[PDB]
Amino acid sequence: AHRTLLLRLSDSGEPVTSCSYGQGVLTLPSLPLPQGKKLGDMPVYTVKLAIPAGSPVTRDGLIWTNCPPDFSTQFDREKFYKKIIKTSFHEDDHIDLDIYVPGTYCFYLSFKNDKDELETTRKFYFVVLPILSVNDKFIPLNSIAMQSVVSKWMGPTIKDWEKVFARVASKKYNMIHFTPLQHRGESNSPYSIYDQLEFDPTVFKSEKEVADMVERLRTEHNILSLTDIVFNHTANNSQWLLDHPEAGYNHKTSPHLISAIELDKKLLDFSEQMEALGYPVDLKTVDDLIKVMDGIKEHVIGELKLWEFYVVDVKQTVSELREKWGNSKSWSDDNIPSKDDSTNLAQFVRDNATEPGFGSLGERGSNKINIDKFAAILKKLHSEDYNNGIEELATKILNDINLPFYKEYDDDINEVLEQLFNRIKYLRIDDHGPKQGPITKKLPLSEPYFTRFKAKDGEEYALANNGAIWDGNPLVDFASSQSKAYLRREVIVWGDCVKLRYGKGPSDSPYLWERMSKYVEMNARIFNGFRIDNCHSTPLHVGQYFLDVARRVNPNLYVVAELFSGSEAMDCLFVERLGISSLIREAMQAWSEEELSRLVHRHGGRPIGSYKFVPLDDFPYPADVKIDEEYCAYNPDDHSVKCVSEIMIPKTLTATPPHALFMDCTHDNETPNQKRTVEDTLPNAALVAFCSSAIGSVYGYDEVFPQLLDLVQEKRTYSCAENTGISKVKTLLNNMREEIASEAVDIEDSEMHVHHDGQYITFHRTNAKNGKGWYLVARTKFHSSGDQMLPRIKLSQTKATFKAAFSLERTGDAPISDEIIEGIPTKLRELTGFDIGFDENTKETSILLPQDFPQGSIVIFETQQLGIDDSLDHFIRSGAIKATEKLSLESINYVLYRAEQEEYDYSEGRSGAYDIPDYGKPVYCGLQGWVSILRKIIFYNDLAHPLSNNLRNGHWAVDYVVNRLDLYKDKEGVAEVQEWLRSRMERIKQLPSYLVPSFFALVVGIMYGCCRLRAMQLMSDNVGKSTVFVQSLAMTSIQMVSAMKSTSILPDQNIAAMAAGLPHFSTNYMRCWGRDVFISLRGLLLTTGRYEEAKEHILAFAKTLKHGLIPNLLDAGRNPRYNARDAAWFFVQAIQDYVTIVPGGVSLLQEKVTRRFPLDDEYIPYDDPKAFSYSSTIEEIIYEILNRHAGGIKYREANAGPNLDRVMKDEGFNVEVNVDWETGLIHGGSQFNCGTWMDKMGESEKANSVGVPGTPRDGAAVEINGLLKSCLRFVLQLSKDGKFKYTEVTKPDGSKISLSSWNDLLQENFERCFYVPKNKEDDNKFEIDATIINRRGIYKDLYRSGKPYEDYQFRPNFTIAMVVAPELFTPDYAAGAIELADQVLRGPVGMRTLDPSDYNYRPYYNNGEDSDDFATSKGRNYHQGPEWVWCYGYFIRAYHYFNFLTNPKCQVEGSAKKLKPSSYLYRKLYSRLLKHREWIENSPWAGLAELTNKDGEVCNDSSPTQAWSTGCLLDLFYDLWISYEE
Amino acid sequence: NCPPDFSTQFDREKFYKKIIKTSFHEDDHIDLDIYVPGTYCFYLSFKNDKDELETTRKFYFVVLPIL
Ligand SMILES: OC[C@H]1O[C@H](O[C@H]2[C@H](O)[C@@H](O)[C@@H](O[C@H]3[C@H](O)[C@@H](O)[C@@H](O[C@H]4[C@H](O)[C@@H](O)[C@@H](O[C@H]5[C@H](O)[C@@H](O)[C@@H](O)O[C@@H]5CO)O[C@@H]4CO)O[C@@H]3CO)O[C@@H]2CO)[C@H](O)[C@@H](O)[C@@H]1O
Ligand SMILES: OC[C@H]1O[C@H](O[C@H]2[C@H](O)[C@@H](O)[C@@H](O)O[C@@H]2CO)[C@H](O)[C@@H](O)[C@@H]1O
Ligand SMILES: OC[C@H]1O[C@H](O[C@H]2[C@H](O)[C@@H](O)[C@@H](O)O[C@@H]2CO)[C@H](O)[C@@H](O)[C@@H]1O
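The structure is reproduced here in structure tokens:
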């Protein structure tokens, strides 16, 4: 059905962690195949790789993976296959990886570097677990009960073994671990294997004899089998080692151990002549050690010639200096140090005159000097004649060269004998170790470090035997040349075994790899899995090759390994590459009760009430996605991985900690009788069995054997004594886990609470789906610590049921047999007296233990959380899609957003945002305010967060979500969304308090995802199919467009009105701004598809035309402020954008609006009948603006005086505009004016700036004339199509100019007036006074403004003209000017409003500055440095356009040979939007700020989300979409 | 020093990169589009047998004017 997982990748190709489960491995969940399907019928899993759009990896990117393309193809570690990444700047690419067989798989990415070179990422691994079934019943991996049995203690016959099989089958183990069933070596230790290719001749004879026994275990007792596999060593007496001695490290293969070989056999010879030479044989005196050690110093240490292995032979070098003194013909270099620096000269010879392998170990005299180059250094430093003091100089140099070697020798020798007299004590003197037998041939003073034998090639070899360094790094091969452990005697050896020298591959040991390969696949044909002892000491590439050979034979190979590497990270890497299925953990390692409770806490599960993952505001919501409309397209027989909700965003693949196999006692650790007591066997095994993982035990733990069995010596056989000790309890524990395994699946589905009080350990296992659970109280018996009483156990909102209780008591000592291993007689007494009190009011269960509860006892309770049934998850994960069926792009604003001021508008100031105690209020009142806070909480499972605390302290926030929508119930689809929230929040309140936070975030997250998907469906295709970043920008359109009560865009009704920004521009007269509305109209409404809403805003402002101008401050159409010369031209540009984009948009020109202001610019007759007087089509409204500007306008503002602007001066109210017809551009403004978007009016009385505008832009503004040129070009082509009827234009005198002549006037004079040429000679054509200048190659900011230096200022306003009127610019002039803005004026997120090199540059904005600074106080800085985000949009839109026309590297051929931008330009565009994508990701408000201080510094006064800040970035994506993505 | 397109002016000392597609079987062909008459030259940079950088002579060719 649906077995697909989504693995999202970062911009560098690394997998994204959806949750913080800790250091882990990308593991896929173990699930059975669909009903009646085998391996090959269909892919086991499909990993959907998600590559971000426009990421640097997409540039000629390829996905590599060693996954075979189909089931017929075998798996190869190093054969990777190609996959093409479909690059796009809008849409992410999804590439499927079909997996047909479990195993180890990795993937890496190759792409084109920014240096046009090839680059590769890391290899990223993911493991598909094997499928374990017995007959036809699936065995979940975390329900495995493993019984480890040793072969040589089960009887000499097969039926003697099948009696042991029946005993462990009665205890209901489902898996048996075998010590290797091969022919054992001399010492008969199970791990020193004589021959790997044939089994034990005592019991078996062929593969079919043992294969039938394992298959018999499967069919008879329903038990799977696995063995140990030994890679690191073999027995010291293998007949194939005589044929192939190179399989281990010898004097030929590993020459560095030659020094250690002679030390071993010199100590063994001293053991032969020990008291024969001296006196101490085997005494227990501290002096006896010292005297024998003094014999070692004089008979073996002092008998190897001072060890020339390090030191250069001094006199044998001088002897080899006179022999050929003359072939060496001096030197010519002058770098040789003089005899003054006696040490720098010593090492200078070491670097130039040395044979290969100097300093390292080899033969006896491996380190020697190149004679021919040494004498050449001597001759050029002293003399060419030898007798001239060369013997003294050459010896002085060589003696200094051996100074570090001699001190390297004293530090080595000290560790040789210090290690000796420390082990021989423990080896002989009873410190804690016995066997102080007089030094025998079998028990010499030195344990054999090397196995000596005469090979079939006649020669003699010395293969050593592996072991373990005390506290050394196991990742280092101590037999390799990098270690000096065999020399310094830092090795605890195993004489039973012998080295196995693998190299870099089969080329270094051909027969060893061929033999181990046939030995691995032999057991792979028979058994279900392997067990690897000391896997950390086996090299990676060695373990990788053979485990893949086994998986080719047995595709469902189950791998266990005792892995204790350097850290958890190294543990995960071994699990990643080797494909380890489970790690062995030992419960006997716990020294105390607190260490045991912490071990069980690690492998028990997740905390109770843990958060559940949900797709939130960090996912793409494609409008074309399949949906489970009622979470019903699932069948249990399909065994499909479930999506999170009704939306079919597949289950995410995230790193989870590697699976564990918790062993209460292995075959290497001491018995509970030894380390603790026998009574602890019951509570210890119960705590382990309760862990949510695989469990195991060694045979004898349940049968309470007295002491750990010696794997080497002991020959006694297991007892036939049935049902001894814990065998009855293990039957109960394994049978209980069989019931739980049927429904518990993923890591979020099993929760746990563990408590430790003195000698008691509490374990509470809980299933998160149904509420079923177990409660375990186990009193541990580490030692007889006396009587301790446990406090009252209290469970909230839970009912308890007594299951079983037992006590383990010792009845004396164990029998002493010599032919059978018998355990200690034990009584298993059932306990009673547990009082389970239940308060039918508080729904609280109390549990009181009985006083007869001795140490070594347990008691199990069946528990069930109240309010949770099996049908709870389905009710929460369904219905939300149907509930959002009637939502609109306006109504979603009330469900998701609404600022507190916006909410106060609907609630008259009564409601607002929920106040979280000890935290604050969410940013929005809707779900976005919750999701912005919950995303980090769910990621870290922060159950201690103030919101998490409040959610379980009461149901206030739960009811706050549902009661909010009463304000907006009458809106489209909000009532049905509220009812879904009401029904789901009501069911949640019936749950335990501690579970409310996890379920509250789940209900909110599901409805949020359904609301965000519904938005993408109602929007256009370019948005509804794009990256998270584009959709996040599109969601800002819903944040701004809302219906209000205190304001609107129409004076008669209350409809949807786009806010300027939240929360500072949302209520009353502060919401709508004509300049702000129509700059963001194309991005927030046209790019998104809000055509009808974009028409309403054009018509509403068309009603308030006056003086041929559109008002900036719109008071919903009653008494609007006409202090703007920018708005009228941004308004007429939005009309062009509407007609260009909207299909049939020409119909807007003939739409009649009710002109509610008289044509003769009258006063404010809002209530007069002359308001509704006359109508006006948009066609004549456009012409009314063009003709009124040309015919000249002259007026003082209506209602002039302080009642409007209480700081604007008297002369400031009389603004005005006219056109200089020698150039054709529009002037206007004064030094007391703010008619542009940089409208910051001073108000500081302490700084003497009241009424002085911070940025008056009087005269010709670049944006105004650029939009004027865009309007003229628009109406000219419109008249050509019969849609515009006007070409006449009146002048103040009476003259007429055709619209084309005015259009040509700008084309001939615009660039001439504004461009500042970089050529100092071309100043005579572009009208420039070079005295007041800053940088040339710049387009002006103003023409003939009040202060002439403000004309020649670098400001980002010229880019508005570059975007709307590109014909006014010669390409080479514009490209160089916009390149300066990129280097100088471009900030990280915002565009610098003023050149930093200017003297007026103050980039920090503080609207509360109470100082005497004439430029900074009370916010006069507003547009003199601070970085605005919307100007970045217009900047990059023209930066893309003019780099595409000028730079040849920004073009590439394509569809119909039409030039599309190269990946070099997309790369430059993508890099300039990373700070914008970071901003909207890590902001509580889901948008882009209005303003930013210098260099990304957050401005507190700036509105955190602005309409035109995000709308101008949506304009860029529409340019690249509407022009190339066809 | 051949300009990549007609928009780019000619500079004597501004040279542009071109990648040689190395093969042991197939020769590589690299086009030089010339839009305006003048003096143009080309030289080659490669990895020496000493793993160092080496450069050949500048080789010129003249595009005659159109009269
Ligand atoms: O209800 C009728 C209304 O009539 C009159 O309105 C006038 C205002 O009183 C008067 O101050 C002025 O408003 C201007 C403003 O002066 C001008 O600079 C510009 O807006 C700027 C602010 O200047 C600037 O400081 C900043 O203010 C933000 C602030 O940064 C933000 O952090 C947060 O605190 O919100 C503040 C705004 O509330 O930014 C804004 C936007 O860039 O334009 C304004 C409108 O023209 O002129 C008004 C003319 O009607 C009465 O005076 C007023 O009391 C009445 O309520
Ligand atoms: O004791 C007051 C109680 O209310 C607090 O804050 C919220 C409340 O939960 C909502 O119902 C809201 O409508 O009123 C307050 C905010 O205006 C705390 O949530 C709660 O813990 C506290 O005890
Ligand atoms: O009035 C302020 C002043 O700021 C800048 O002055 C520049 C000057 O023009 C340059 O020659 C520069 O080297 O020195 C000053 C900055 O350190 C503006 O260029 C100037 O127009 C403006 O008036």
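Top to bottom, those sequences are chains A and B.
Everything in the first sequence is counted per the numbering used here, starting at 74 for the first residue and increasing by one.
Everything in the second sequence is counted per the numbering used here, starting at 1334 for the first residue and increasing by one.
Every residue, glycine too, gets a C-beta built ideally from N, C-alpha and C.
- Closest option to A:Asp912, judged by alpha-carbon separation, among A:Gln870, A:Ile894 and A:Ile889: A:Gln870.
- Taking 8 angstroms as the CB threshold, B:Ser1340 lines the interface with chain A.
- Residue pairing for B:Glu1387: DSSP places it in a beta bridge opposite B:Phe1379.
- Taking 7 angstroms as the cut-off, one finds at least one heavy atom of ligand 1 near enough to the beta carbon of A:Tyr1142.
- Neighbours of A:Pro1521 across chain B, judged by C-beta separation under 8 angstroms: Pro1337, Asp1338, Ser1340 and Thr1341.
- Remark: C-beta atoms of A:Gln509 and A:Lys388 do not approach each other more closely than 8 angstroms.
- Beta bridge pairing from DSSP links A:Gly769 with A:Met219 and A:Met736.
- Counting along the chain, no beta strand (DSSP E) covers A:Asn757; the unbroken alpha helix (DSSP H) around it starts and ends at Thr754 to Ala762.
- Distances between the C-beta of A:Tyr1425 and the heavy atoms of ligand 3 include at least one below 7 angstroms.
- Look at A:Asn1291 here: in three-state DSSP terms it is strand.
- DSSP places A:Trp1552 in the uninterrupted alpha helix (DSSP H) bounded by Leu1547 to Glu1554.
- Within the DSSP secondary-structure output, A:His317 pairs in no beta bridge.
- If you draw a straight line from the Cα of B:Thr1372 to the Cα of A:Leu1379, it comes to about 40 angstroms.
- As the crow flies, the alpha-carbon of A:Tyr631 is around 30 angstroms from that of A:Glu795.
- Pairing A:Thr884 with A:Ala537, the inter-Cα distance amounts to about 48 angstroms.
- A:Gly1332 sits away from A:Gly1308, with the two beta carbons spaced by 8 angstroms or more.
- The nearest non-hydrogen atom of ligand 2 is 7 angstroms or more from the C-beta of A:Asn1321.
- If you look at A:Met825, you'll find it in the beta strand (DSSP E) that goes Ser823 to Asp830.
- One thing to note: A:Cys570 has its Cβ within 8 angstroms of the Cβ of A:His306.
- Remark: C-beta atoms of A:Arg1540 and A:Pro129 approach each other more closely than 8 angstroms.
- Contact between A:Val633 and A:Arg604 holds, with the beta-carbon distance rounding to 5 angstroms and staying under 8 angstroms.
- Between ligand 1 and the CB of A:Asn1566, the shortest heavy atom gap is not smaller than 7 angstroms.
- In this structure, the alpha-carbon of A:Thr1161 lies about 19 angstroms from that of A:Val968.
- Cα atoms of A:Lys557 and A:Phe272: separation of roughly 36 angstroms, rounded to the nearest angstrom.
- The continuous beta strand (DSSP E) containing A:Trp847 extends over residues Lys845 to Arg852.
- Here the distance from the Cβ of A:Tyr987 to the nearest heavy atom of ligand 2 is below 7 angstroms.
- Fewer than three Cβ pairs drawn from the segment 1012-1029 of chain A and the segment 1095-1104 of chain A lie within less than 8 angstroms of each other, which leaves the two stretches out of contact.
- Contact between the segment 941-950 of chain A and the segment 886-898 of chain A is absent: fewer than three C-beta pairs spanning the two stretches fall below 8 angstroms.
- Spatial neighbours of A:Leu1000 in its own chain (CB-CB distance under 8 angstroms, excluding positions within 5 residues in sequence) are listed in chain order as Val968, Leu969, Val1034, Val1077, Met1080, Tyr1081 and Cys1084.
- About 13 angstroms separates the Cβ atoms of A:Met1113 and A:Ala1088, ruling out a contact at the 8 angstroms cut-off.
- Note on A:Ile1006: 16 or more other CB atoms within 10 angstroms of its CB, so buried under the neighbour-count rule.
- In this structure, A:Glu973 places its C-beta atom within 8 angstroms of the C-beta atom of A:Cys998.
- For A:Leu336, the enclosing alpha helix (DSSP H) has its first and last residue at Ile331 to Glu345.
- Within the same chain, and ignoring the five residues on either side of A:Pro318 in sequence, the residues whose Cβ sits closer than 6 angstroms to its Cβ are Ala528 and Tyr534.
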